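Notes follow the structure.
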6 protein chains.
Amino acid sequence: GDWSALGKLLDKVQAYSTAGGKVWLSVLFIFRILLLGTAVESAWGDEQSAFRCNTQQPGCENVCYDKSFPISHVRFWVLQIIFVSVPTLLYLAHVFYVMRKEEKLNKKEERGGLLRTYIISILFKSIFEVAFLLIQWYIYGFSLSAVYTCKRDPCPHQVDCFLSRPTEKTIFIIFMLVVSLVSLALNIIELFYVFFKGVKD
Amino acid sequence: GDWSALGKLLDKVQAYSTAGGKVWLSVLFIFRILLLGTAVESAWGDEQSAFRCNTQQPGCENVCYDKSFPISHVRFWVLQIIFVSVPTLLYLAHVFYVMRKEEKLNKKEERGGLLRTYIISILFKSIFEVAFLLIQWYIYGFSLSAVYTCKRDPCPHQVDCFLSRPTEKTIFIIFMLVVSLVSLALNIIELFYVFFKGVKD
Amino acid sequence: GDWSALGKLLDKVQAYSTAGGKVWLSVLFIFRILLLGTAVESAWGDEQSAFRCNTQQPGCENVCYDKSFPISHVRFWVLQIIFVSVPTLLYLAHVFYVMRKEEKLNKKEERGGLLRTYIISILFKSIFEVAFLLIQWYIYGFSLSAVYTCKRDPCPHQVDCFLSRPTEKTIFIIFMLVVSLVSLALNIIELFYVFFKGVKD
Amino acid sequence: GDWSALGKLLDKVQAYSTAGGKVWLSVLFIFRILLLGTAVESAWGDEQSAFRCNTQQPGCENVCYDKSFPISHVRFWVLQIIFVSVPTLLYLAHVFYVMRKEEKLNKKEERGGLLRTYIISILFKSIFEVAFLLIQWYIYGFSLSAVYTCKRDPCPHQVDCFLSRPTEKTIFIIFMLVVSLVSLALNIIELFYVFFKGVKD
Amino acid sequence: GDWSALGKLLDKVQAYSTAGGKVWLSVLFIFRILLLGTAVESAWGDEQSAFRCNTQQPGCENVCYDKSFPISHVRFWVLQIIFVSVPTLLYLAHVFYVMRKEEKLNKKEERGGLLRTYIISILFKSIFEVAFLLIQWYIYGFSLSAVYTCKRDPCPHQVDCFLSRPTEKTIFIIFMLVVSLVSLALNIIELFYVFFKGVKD
Amino acid sequence: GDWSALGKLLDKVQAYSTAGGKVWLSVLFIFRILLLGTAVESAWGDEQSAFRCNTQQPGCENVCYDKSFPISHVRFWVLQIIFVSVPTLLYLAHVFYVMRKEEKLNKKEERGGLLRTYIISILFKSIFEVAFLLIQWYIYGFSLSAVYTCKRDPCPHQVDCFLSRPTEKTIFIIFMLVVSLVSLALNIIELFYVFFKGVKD
Ligand SMILES: CC(C)CCC[C@@H](C)[C@H]1CC[C@H]2[C@@H]3CC=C4C[C@@H](OC(=O)CCC(=O)O)CC[C@]4(C)[C@H]3CC[C@]12C
Ligand SMILES: CC(C)CCC[C@@H](C)[C@H]1CC[C@H]2[C@@H]3CC=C4C[C@@H](OC(=O)CCC(=O)O)CC[C@]4(C)[C@H]3CC[C@]12C
Ligand SMILES: CC(C)CCC[C@@H](C)[C@H]1CC[C@H]2[C@@H]3CC=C4C[C@@H](OC(=O)CCC(=O)O)CC[C@]4(C)[C@H]3CC[C@]12C
Ligand SMILES: CC(C)CCC[C@@H](C)[C@H]1CC[C@H]2[C@@H]3CC=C4C[C@@H](OC(=O)CCC(=O)O)CC[C@]4(C)[C@H]3CC[C@]12C
Ligand SMILES: CC(C)CCC[C@@H](C)[C@H]1CC[C@H]2[C@@H]3CC=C4C[C@@H](OC(=O)CCC(=O)O)CC[C@]4(C)[C@H]3CC[C@]12C
Ligand SMILES: CCCCCCCCCCCCCC
Ligand SMILES: CCCCCCCCCCCCCC
Ligand SMILES: CCCCCCCCCCCCCC
Ligand SMILES: CCCCCCCCCCCCCC
Ligand SMILES: CCCCCCCCCCCCCC
Ligand SMILES: CCCCCCCCCCCCCC
């Protein structure tokens, strides 16, 4: 039995968090990863192979697909989740090393230090979430249409192209938007709780 | 040997459940996941590649497939199982944190609190199951036909399209319906048992 | 070292079984799963992609393949093995919970109960095996021919279609039949042994 | 530290084996599995997709491929290795249960039994190896030619077909033959050793 | 519980490193591997299958693709990360063996040795990073264009070819460049810290 | 904590090896396996599917590809590494069994034996490496050209065929050659060290 120090680490990491935030946020993270890995990823498999355009011009399909989709939704979401997750990993590593140093100090010699970093990490999580949402809104919006109009060389004049599985992708896009909004709300709630408990001194 | 606290956690989680519900429900969950992962998923692999329509119009197959299948059955079932499973995970996390707090209290100082949450979780499981069943009934029904009639642009007039493996998919749809009904019945039985043991005080 | 309770569980599960049945049945289960997972599954990979028919009618291949194979052999066998395996898992869970309850009783306070369930589980294993064998015999038989005659709309008149790897699939079908028969015989032997030891009182 | 009983089990399993047989046979088994899993399996991937025949007759390629290859070499070898391996697993299970029973006896109450089964297992290993070698020799031989002549309906007269990667497959076939011969020789040596140590009493 | 010597090893490995370098560099390594494995690798899947050229000359596409891409970006990055990682593994092995030898010495008999190797390893990490960046700049630059002009035999005169997913690949190239620059900066900072603490004696 | 006997085994295995050989050779093995598994294997995926020839003769591509590549480079390298690795596994097994026997002897009864086998194993490692290098030099050389000339039936006269990714494969071939040479040099150094320490007695 060697799982005790893990309990101590967990307790020290979540010193300033609310009772409900732990459960809700962790389960949301698990839900996010499972949804992205099982169902979402497979629906984008034939994103380019099933993409078709009405033309005989060689090379037009390539450029029209590139123009329609500068970056895939799934890879964008992977980047988003990695960026939202990195700060917590940094905080965990910092806490681990601090605990080791404190053990050294208090063995050989028989607020603000960690609160500030925690606040910064939460702020950066929220900032990254908002930035990714804004970028997605600017680039794509939150829906996909069946027919796309392409006006890029070497295609002559304008051509019509047809997407793959637009409705299913729209449904999943809405799901991901809802998940992101919930996560942002929870993080904002945590920030307000910490600041409102700090005011009373 | 460090598996004792796991036994305590398991005992405290299942305080209010019946003797048979544990076994039947857990085995049903295992059966559900195995069936979805091994046999069901592979049968839908060529759902769009083997989909064909009788026409020379470019883009008609894409739109007709999109209209026929707004969302795949397998991904719908994955969403259903995740939604049905989340509440139990939330309850487990809550119980774990409560047990840690109680250990702190009863070490340093040498009904209704948890019953309500358990009842709420069971109710939400049943609610999600019923909602998913109703949505599936409204959208698809519980069978698939070999020939589909498509009347969507840019297809001219109406066209005929042909599905892949309709009979096998019908069989698996019936299987999944039966499994869902059994799960709903077991949850309702658990609710009735708890309420009937609460009446006698 | 924390593997003792596992030994106790194993001993209590196999109280009423014969000496040889354990080894033979467990090794048969391992053989079944390995054979199904390694060699059998790969041979059915191109079951529909390599299926061909002599015709120019669009949609005829889809319907003819659907008629020829209402359900794939591999998925049928997966269903069979899952159904044959579930009762033992149920019995194991029941025994585990009973043992925990008995430990509680005999710690705090310092035939027929389990025999009946064991008999029922063995009976249901045999029943499922026989039912699956009968269904397979009725639907397919125990061989596959190279040429198939199709008389389904929209195909005009009758058409000829050609299967993929008929001889190899026939060989594997015979193998699976032999395995199923051996398993059924072993289960029947166990039933006879228990009933013949119960007669002498 | 709970690895002691494993050492006892290993010692009791290999009571009657020679000093060198252990190492050589175990390393040969590891070599066999690695070779089959890493290099051999990938070389047969496009066995049917790259198979081609000179004809316009629909369905001729299917039947000609089926006639040329009643069963794939890789799946045949998988069956061979499973059959050669099962007896040792049976013997291990028997020894495990016997050891548990003996522990019970010698705790509560503070040659020929196992030798015969070991001899039978070794004999069956050798028998299966020889049978598989004979079957392979009768069906295929130990080489593959680039051009195959097909005289099966519905192909008219005779047609020429061309295999994929014949030389590489020939090389691997020779490798597998050598491995099988070495294994058979080692098993025969073990049999002779046991019988020659039994003669002196 | 047998995780203590691992703690000692970790402490002795990071004797001369700064407090922040540990966390930042380790998290950067994890980020690098995750990004390369999840999102980046899949975007290059159809790098050659979707590559197209405007010509009827057989063999022109092969040679034009070979000329355009002497080596794939993903495999280049895999080589880069392996080369950047090997020195730390060498240092860890050296430290492990030195610790074992010191344990022998100090049990049986009841700066510069390791600092130099650490400095050399850090220097080589930075050197490899810079070399790979320079090679990539010389060969490809840091962007990809949609249209490529090919003037290689047997293609007649010059031909136009079209890439797959140029914009997404450009985005990921920029990401990887930023990551490499950050890693180089951190290593240089570590070198300066060690040399500036060595000056004061 | 049960990792002590592993330390003893490691110490006894490396009794006669030099201080640096351990680290360098082990890291080289890890580098070899990682390089072969991650980057090299994927570059040969479309070795036959992207192989093309200028002709209308059916069957010519098959025979020309077979003649050009009697065996794939990746599978050749897998065979090489397995052959180079087997002797060390044999030596480890022998040492393990010898240690068990010595424990028996020295518990119940409260150079040349192993040196010779170690020398033989090292010699065989070097021999296999040299043999594989010579075979590769004789068959292929150490580069690949873009255009191949084929003069095999049923192709008429001579035909031109075009390879896939020749430059990248050439680069990786050079890398593997360098790795093999380094490994051979290290093994020769170990042999010279042991023989030069044996001369002084
Ligand atoms: C082993 C390596 C290569 C990958 C797996 C390690 C990390 C990437 C994992 C381990 C624990 C995970 C965390 C577990 C749960 C949370 C929930 C959530 O964070 C919080 O709940 C913070 C507030 C709180 O916990 O009280 C956001 C994701 C996060 C940080 C996870 C992010 C990813 C983490 C750091
Ligand atoms: C490790 C993480 C990333 C994924 C795996 C963890 C959970 C998703 C698993 C662990 C235990 C599972 C549960 C085990 C068994 C049950 C049976 C069933 O629930 C009940 O039986 C509730 C009533 C009772 O147990 O008495 C419904 C599924 C559920 C909750 C499972 C849902 C999924 C759970 C929570
Ligand atoms: C971890 C979960 C998600 C999947 C793996 C757990 C079960 C599906 C496994 C564990 C042990 C297995 C059993 C091990 C061996 C047997 C042999 C055989 O049953 C018997 O031999 C019963 C009679 C006897 O054992 O004496 C039939 C399969 C069965 C029950 C297996 C069925 C599948 C079981 C229950
Ligand atoms: C099990 C084998 C087959 C593969 C996995 C083992 C190694 C390849 C791993 C184990 C730990 C890893 C290291 C963990 C973290 C670091 C962070 C970073 O190095 C440092 O931070 C050095 C400075 C410091 O740690 O203070 C660069 C990658 C590196 C060395 C990693 C490189 C890859 C390592 C050596
Ligand atoms: C678990 C099984 C199925 C596969 C994995 C086990 C073996 C194939 C591994 C375990 C340790 C490995 C060895 C670890 C390191 C070395 C380095 C190198 O050998 C030496 O360094 C010998 C000289 C020395 O170590 O001092 C060549 C590869 C070799 C023997 C490896 C070959 C493959 C080995 C034997
Ligand atoms: C008993 C719990 C079962 C969990 C099922 C997990 C399925 C595997 C999904 C792996 C891909 C998603 C994570 C990247
Ligand atoms: C001994 C028990 C064997 C269990 C077989 C499991 C097969 C692997 C299936 C993995 C996919 C389904 C879960 C997502
Ligand atoms: C040392 C034993 C090796 C076992 C080989 C297992 C091969 C992996 C097969 C996985 C698929 C079959 C189970 C679903
Ligand atoms: C350190 C040892 C590495 C072992 C490499 C194993 C490669 C994985 C091969 C898995 C397929 C073959 C077994 C079925
Ligand atoms: C709970 C943490 C989940 C981690 C997700 C990892 C996904 C698997 C990615 C594997 C490929 C990248 C490493 C090579
Ligand atoms: C933390 C270390 C990560 C190691 C990455 C390994 C990637 C998986 C590669 C597996 C194929 C190569 C071995 C056969």
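Residue numbers begin at 1 in each chain, while the letters A, B, ... track the order of the sequences. What you see below is based on every heavy atom in this structure, not just the backbone, and it leaves out hydrogens, waters and symmetry mates.
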From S121(C) OG over to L92(C) CG, what is the distance, rounded to the nearest 0.5 angstrom? 8.5 Å

If you look at every heavy atom in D2(D) and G1(C), which pair is closest and at what distance? CB-CA, 3.5 Å

Validation row: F172(B), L79(C) side chains within 4.5 angstrom (heavy atoms): yes

To the nearest 0.5 Å, what is the distance between OH (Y91(B)) and OG1 (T88(B))? 10.0 Å

Return the orientation label for the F128(B) and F83(B) ring planes: parallel under 30°, perpendicular over 60°, tilted otherwise. perpendicular

So, taking the atom named CG in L123(C) and the one named CG in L191(C), what distance separates them when rounded to the nearest 0.5 Å? 5.0 Å

Indicate yes or no for a side-chain donor-acceptor contact from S17(A) to the backbone of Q14(A) under 3.5 Å, with no hydrogens or angles considered. yes

Checking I174(B) against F142(B) for the side-chain contact (heavy atoms from CB on, under 4.5 Å) test, could you report, in this order, the C-alpha distance in whole Å, the side-chain angles of both residues, the deciding distance, and whether it holds? CA-CA 7 Å; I174(B) 293 169; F142(B) 297 100; 5.7 Å; no

Rounded to the nearest 0.5 Å, how far apart are CD of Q136(B) and CE of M176(B)? 9.0 Å

Please step through salt bridge (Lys or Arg N to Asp or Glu O under 4.0 Å) for the pair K107(D) and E102(D), ending with a clear verdict. CA-CA 8 Å; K107(D) 191 270 181 180; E102(D) 285 202 3; over 6 Å; no

Is the closest side-chain heavy-atom distance between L181(B) and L133(B) below 4.5 Å? yes

Please confirm whether the ring centroid of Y140(C) lies under 6.0 Å from the ring centroid of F76(C). no

Hey, are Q80(C) and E129(C) close enough side-chain-wise for a donor-acceptor pair under 3.5 Å? yes

With distance as the sole criterion, is a donor-acceptor pair present between the side chains of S72(C) and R165(B) under 3.5 Å? no

Is the shortest distance from a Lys or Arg side-chain nitrogen in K125(B) or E190(B) to a carboxylate oxygen in the other one below 4.0 Å? no

Going by distance alone, is a donor N or O of one side chain under 3.5 Å from an acceptor N or O of the other, for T38(A) and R75(B)? no

Are more than 12 heavy atoms from other residues, nucleotides or ligands located less than 6.0 Å from atom NZ of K101(D)? no

Quick one: closest heavy-atom pair of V23(C) and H94(D), and the distance? CG2-N, 4.2 Å

Would you find more than 12 non-hydrogen atoms of other residues, nucleotides or ligands less than 6.0 Å from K104(B) atom NZ? no

Should the pair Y118(C) and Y16(C) be assigned to parallel (<30°), tilted (30 to 60°) or perpendicular (>60°) ring geometry? tilted

Is any side-chain heavy atom of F29(B) less than 4.5 Å from a side-chain heavy atom of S85(B)? yes

So, for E41(C) and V74(C), which heavy atoms are closest and what is the spacing to 0.1 Å? CA-CG1, 4.5 Å

Begin from the C-alpha positions of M99(C) and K12(C) and carry the test side-chain contact (heavy atoms from CB on, under 4.5 Å) through to its verdict. CA-CA 9 Å; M99(C) 287 177 65; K12(C) 192 163 191 178; 3.6 Å; yes

Output yes when a side-chain donor or acceptor of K22(C) lies under 3.5 Å from a complementary backbone atom of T18(C), and no otherwise. yes

Looking only at heavy atoms, what is the nearest atom pair of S183(A) and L25(A), with distance? OG-CD1, 4.4 Å

Between the OG atom in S26(C) and the CG atom in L90(D), the distance rounded to the nearest 0.5 Å is 10.0 Å

Cationic N near anionic O, under 4.0 Å, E103(C) to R100(C): no

One pair to check against side-chain contact (heavy atoms from CB on, under 4.5 Å): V78(C) and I82(C). What are the steps and the verdict? CA-CA 6 Å; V78(C) 169; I82(C) 292 168; 3.7 Å; yes

Atom CG of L144(B) and atom CD1 of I173(B): how far apart are they, to the nearest 0.5 Å? 4.0 Å

Above 12 or not: heavy atoms from other molecules or residues under 6.0 Å from CZ of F124(C)? no

Kindly say whether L114(B) contributes a backbone atom to a donor-acceptor pair with the side chain of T117(B) at under 3.5 angstrom? yes

Between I171(B) and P70(C), which heavy-atom pair has the shortest distance, and what is it? CD1-O, 4.2 Å

So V84(B) and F132(B), do their side chains get closer than 4.5 Å, heavy atoms only? no

